[PDB]
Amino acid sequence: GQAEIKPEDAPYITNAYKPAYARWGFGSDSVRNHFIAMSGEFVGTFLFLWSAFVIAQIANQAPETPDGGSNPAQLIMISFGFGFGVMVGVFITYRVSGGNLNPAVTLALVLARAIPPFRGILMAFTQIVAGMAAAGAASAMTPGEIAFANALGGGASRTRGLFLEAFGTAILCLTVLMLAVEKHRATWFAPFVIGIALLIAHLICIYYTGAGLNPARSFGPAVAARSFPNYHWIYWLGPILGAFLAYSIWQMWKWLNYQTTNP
């Protein structure tokens, strides 16, 4: 009753589809390995954010909805751009850099000791530069005024926006921790779940905050539009708080040895 694997098919079994950070042990601090990680974060973050910025630009050409009302089809389109955009970016870059594509995700993983702080800083810087590049490219490639920068809307206060951003980011980061960082039969599938988490977080946040959820996503368009709202700090503090919340929950479960009935 033994599984029978033809030799030409062995790669599909032996080559695990696991995030790169799972295997960043001894040897990882070479310039080559730092470059590989940066290149994955750059390519992935650029393709994800560029895509999503153009999609948001288009969605924001819909006729205005009166009286500040919502436009569900518009919100769905934008959420697809970010959620499916990140899904594709993470699937592409999973074995290159792990596909964080988001400084807040990288922060959660530094807290969790999945990524060391220096590598994490390199990745976060790379993501922010990629988001600047993506914003510049999306602006150059589309007519009219930039429509993909984050802003408060829907009657939301800054305080409400901060909490929406924090809890939305926590959902994203907890997904990464429980599906990608934790090692199990579903780790390979984490990019899908991560994308759906981001899709949800956009349905929560776009109407009220524009959905930052990702300092690199918020910073780049502000640079390209040459304008920072005074409440721009919510797009930094909110995701940071969410990363700490997700980490906190994960850490509690780790100290409980959650996955094992009788440790």
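Residues carry their position along the shown sequence, with the first being 1.
In this entry, 139-147 shows the higher mean Cα temperature factor of the pair 164-172 and 139-147. Comparing 60-68 with 206-214, the higher mean C-alpha B-factor in the PDB entry belongs to 60-68. The residue among 98, 191, 116, 81 whose C-alpha carries the highest B-factor in the deposited model is 116. Of the candidates 103, 154, 89, 131, it is 154 whose Cα B-factor is highest according to the PDB record. Looking at the C-alpha B-factors along this chain, the one for residue 20 belongs to the lowest third. Per-chain ranking of the deposited C-alpha B factor places residue 223 in the highest third. In the deposited entry, the Cα temperature factor of residue 30 sits in the top third of values across the chain's modelled residues. Residue 195 sits in the lowest third of its chain by CA B factor, as recorded in the PDB entry. The deposited CA B-factor of residue 121 belongs to the highest third of values across its chain.
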